[PDB]
Amino acid sequence: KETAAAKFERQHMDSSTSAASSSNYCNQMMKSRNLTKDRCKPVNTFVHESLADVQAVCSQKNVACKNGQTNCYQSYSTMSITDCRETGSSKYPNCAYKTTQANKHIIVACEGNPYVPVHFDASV
Ligand SMILES: Nc1nc2c(ncn2[C@@H]2O[C@H](COP(=O)(O)O)[C@@H](O)[C@H]2O)c(=O)[nH]1
């Protein structure tokens, strides 16, 4: 089945655009990446950098994840991201999102060999 590394790329990577270019960004990208198939996912961040630069995070600053695990890493640089989160109008299967574009450090958790990101923890 899909691996956790492919799942993080599908859920979180958008190196095709530099930033969200309209208020409809998250509605179109949450539907097209299949993240509203079973239920509206309520929050989801996309990162607008190359895949190499996000895989490099797993060699930068180790930090504790929100839930206490110690395989999270925080980016040294800020990155261009879009935060999508559900709005009061959202109702399955017509999931609805507000798009917020921002430049933040990312914190991801890494696993495997090669050791790559498999979960988006937070933006700070
Ligand atoms: N699992 C996951 N959490 C995220 C993502 N983007 C942001 N978050 C987290 O979701 C939080 C906001 O969710 P909440 O505060 O409503 O449960 C932020 O504090 C951050 O920790 C994402 O793509 N996946």
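Residues numbered from 1 in each chain as written, not as in the entry; some residues may be left out. Heavy atoms only, no water. Residues with missing side-chain atoms left out of burial classes, pairs and counts.

As stated in the entry header, the method of structure determination is X-ray crystallography and the reported resolution is 1.5 Å.

Comments concerning the sheet that holds strand β4 (residues 79–86)
Strands sit in the order β1-β4-β5 across an open sheet of three strands; the sheet is antiparallel. The open sheet has two edge strands with one neighbour each: β1 (43–47) and β5 (97–104). Here the strands of the sheet are splayed against their neighbours by 25 degrees on average, with no regard to which way each runs. Judged from the five bridges that link them, β1 and β4 form a sheet pairing that is antiparallel. Its bridge partner lying in β4, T45 is registered against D83. This element, helix α2 (residues 25–32), spans β1, β4 and β5 of the sheet and lies at about 100 degrees to β5. (Pairing = 2+ DSSP bridges. Helix = DSSP H or I, 4+ residues; strand = E, 2+ residues; numbered from the N terminus. Axes fitted to C-alpha atoms, helices over the stretch in contact; angles between N-to-C directions. Contact = heavy atoms within 4.5 Å.)

A word on the UniProt feature "disulfide bond" in the protein
In these coordinates the annotated UniProt disulfide of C40 and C95 is reproduced, with an SG-SG gap of 2.0 Å that lies under 2.5 Å. On the criterion of sequence distance, the pair formed by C40 in the loop between α2 and β1 and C95 in the loop between β4 and β5 is long-range, its members being 55 residues apart. When sorted by exposure, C40 lands in the same class as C95, which is buried. A sulfur-sulfur distance of 2.0 Å separates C58 from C110, so the disulfide listed by UniProt for this pair is formed here. You can see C58 sitting in the loop between α3 (51–55) and β2 (61–63) and its partner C110 sitting in strand β6 (residues 106–111), a full 52 residues away along the chain. For the pair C58 and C110, one class covers both residues: buried. (Disulfide = S-S within 2.5 Å. UniProt positions renumbered as here; feature names shortened; annotations may be inferred. Buried < 20%, exposed > 50% of the residue type's maximum accessible area, 1.4 Å probe, protein only.)

A few points about the sheet that holds strand β7 (residues 116–123)
The four strands are arranged β2-β3-β6-β7 in an open sheet whose pairing can be described as antiparallel. Bordering the open sheet on either side are β2 and β7, each of which pairs with just one other strand. Averaged over neighbouring strand pairs, the angle between their axes works out to 40 degrees when direction is ignored. One ladder, built from three bridges, connects strand β3 (residues 72–74) with β6; its direction is antiparallel. When the bridges of β6 are listed, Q74 appears paired with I107. The strands touched by helix α1 (residues 4–12) within the sheet are β6 and β7, with β7 carrying the most contacts at an inclination of about 40 degrees.

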